[PDB]
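Take a look at this one chain, the form deposited in one PDB entry, written out in structure tokens.
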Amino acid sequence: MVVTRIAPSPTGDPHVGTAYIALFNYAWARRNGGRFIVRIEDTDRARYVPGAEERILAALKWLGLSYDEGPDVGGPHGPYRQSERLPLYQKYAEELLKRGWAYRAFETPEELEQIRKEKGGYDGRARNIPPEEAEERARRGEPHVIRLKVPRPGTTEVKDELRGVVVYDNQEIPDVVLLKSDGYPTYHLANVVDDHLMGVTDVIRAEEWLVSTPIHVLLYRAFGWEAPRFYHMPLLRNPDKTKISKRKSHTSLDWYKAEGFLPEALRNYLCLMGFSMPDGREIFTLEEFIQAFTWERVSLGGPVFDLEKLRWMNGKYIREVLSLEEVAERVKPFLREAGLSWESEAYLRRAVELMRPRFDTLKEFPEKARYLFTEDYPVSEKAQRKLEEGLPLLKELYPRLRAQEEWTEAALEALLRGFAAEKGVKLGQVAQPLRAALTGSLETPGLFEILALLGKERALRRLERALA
């Protein structure tokens, strides 16, 4: 059938490029009733960041993907972490040795650098070491690596399902290291051994791996295995069109979650990086995307990741996709983080409802509506000025307000409309200064709902401190 996989390297924060590629793998697998695997590719102890693995696994789940096999969900072809499969690569590297498809090389990293400086790349000089001598030097413990013995001269065909066939000249393919001197495999060796053993049939990955594909075609040949299909997705880009990077863009999934972007929205945006619905619709579910996915609709240009459009979309989910109650639940962590509390569920829900069309990220909610949860709020200069100018009519309104028995948004509107009328002034002349009194801002939701929200007592108490 169809088996796909995402194979993150635990060497930094959970990367958006990873979610992006994971998203297309997951969809292609489901669209085909196949399997979607997670394989942790921790073969480089130097760049290994302890804790990175858990973080990428949590971020994929957070984003909404599920995998069928992996480190924390089991599966028949585990382990799913390459550091625990060392003996396997070891074994396969040696089998290549016997088949005549690899050779041992003993140069120190220093000699290699020098070789590279003189000829710009390893010259395969170790191919000339007599096999029996190489074997003996190995038994004596002399440190070495095992390299791919590329067939020279020659030609190697790679087929990418989206771009067609590309024919590399073997002179462009290096005699790559397959097993390092510390006994760890390089990415090239492990990737082929594990995709095979875990049965992957469809390799969907970022374009940055395209030129390394001919090295993999050869390894599959060397082992006598059937190569899988290859689909290379365009790289996500920084605004300057270079591959998205930590210094020109936000590439950490943790940053996005911390900033209050909903996983559903981030996920919906990533689908738009290379894919589009037939009918041109832009807001759709994870499930709908799976059902409509087709490689015929994947475009190959490198998409600039636009934060502004992501925010637009996040605001769109907040106001049109999630329910009022869902938004209220998700806003809690940010209120907590801001050190604010809500009196009750009822209160929080109404507050979130009044602000729904005014925040594009969950983090923005506590910021723009701080006055709705604490007395410790800021009063802007423009608001303070509007307040001062309207103090006279506010003082004249106060008594009429402490008299209003029915504190409702309809009652209050009628009360204030009349007062402005009887005062021959425009409602705004009375609404704006009151808004400033109640919120310390001139940019808020409707005055009547703002006035109704806290109840007569709390409202006047605040109005009073302003008239003080």
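Definition used throughout: the rigid core is the maximal C-alpha set that superposes within 1.5 Å between two forms. From 1 onward, residues are counted along the sequence shown.
There is another form of the same protein, the form deposited in another entry; it is not shown, and what comes next is about it.
Looking at 381, 296, 157, 308 after a core superposition between the shown form and the other one, you find that only 381 has a C-alpha shift of 2 Å or more. When the rigid core is held fixed, the Cα atom of residue 38 travels less than 2 angstroms between the shown form and the other one. When the rigid core is held fixed, the Cα atom of residue 419 travels 2 angstroms or more between the shown form and the other one. Superposition on the rigid core between the shown form and the other one places the CA atom of residue 440 2 Å or more away from its counterpart.
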